[PDB]
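This document starts with one chain, in the form deposited in one PDB entry, laid out as structure tokens.
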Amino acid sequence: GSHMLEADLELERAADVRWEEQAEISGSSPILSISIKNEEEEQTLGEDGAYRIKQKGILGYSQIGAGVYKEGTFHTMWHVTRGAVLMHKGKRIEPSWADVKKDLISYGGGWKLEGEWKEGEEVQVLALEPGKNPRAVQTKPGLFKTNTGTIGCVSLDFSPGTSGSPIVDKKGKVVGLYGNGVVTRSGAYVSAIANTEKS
């Protein structure tokens, strides 16, 4: 086999994980990214927060995902990294735990996301889309029956490459991660919120 990485997957911090009062008031608001990032250039690269995940290729970087660093653990979607080693400023990050069925993977310790969701409450997607500055979008999840209990879900209103982006309650905690596509019995595709799940 090879002793090199199968692929160069780099992390890039983009924003603080927090509730945005402006997006509560207006529906959505941009968030500050840093000198002030006027524009995101996907193809160039550049602790706690929200991160882009980019894959090097001969044309430059592609943003294939996003995720959340919290309390020394990085959380993202199994579909995004398929358990691959991540790099961040020359530091290597290793998969600690995964759950394919839930499309979740953690790196550097176990699950730390402690946002909570009850029906009727709104949340903010802190969306890191390919080619765009971070944006907070207020949304209302609906409750759904699983074949074992309940999950909250939201509409797939972002780029697939926002997968892994955090969704936050009013306490500023992460209820879960955007982009975990599930199919309903009523023919539709929605995003199943990570933690919001009972059995």
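Note that residue numbering follows the sequence shown and begins at 1.
- Per the record, residue 34 and residue 35 are separated by 4 to 9 deposited residues that have no coordinates.
- Gap check for residue 46 to residue 47: 10 or more deposited residues are absent from the model.
- The mean Cα B-factor in the deposited entry runs higher for 181 to 189 than for the other of 181 to 189 and 15 to 23.
- In this entry, 98 to 106 shows the higher mean Cα temperature factor of the pair 98 to 106 and 125 to 133.
- Residues shown: 146, 138, 55, 163. Highest C-alpha temperature factor in the entry: 146.
- Among all modelled residues in its chain, residue 69 ranks in the highest third by Cα B-factor.
- In the deposited entry, the Cα temperature factor of residue 62 places it in the lowest third of its chain's modelled residues.
- Per the PDB record, residue ranking by Cα B-factor puts residue 80 in the lowest third of the chain.
The same protein also exists as the form solved in complex with a small molecule; that form is not shown, yet it is the one meant from here on.
- Residue contact check for residue 104: one or more of its heavy atoms lie within 4.5 Å of the small molecule in the entry with it bound.
- At least one heavy atom of residue 148 is located within 4.5 Å of the small molecule in the entry with it bound.
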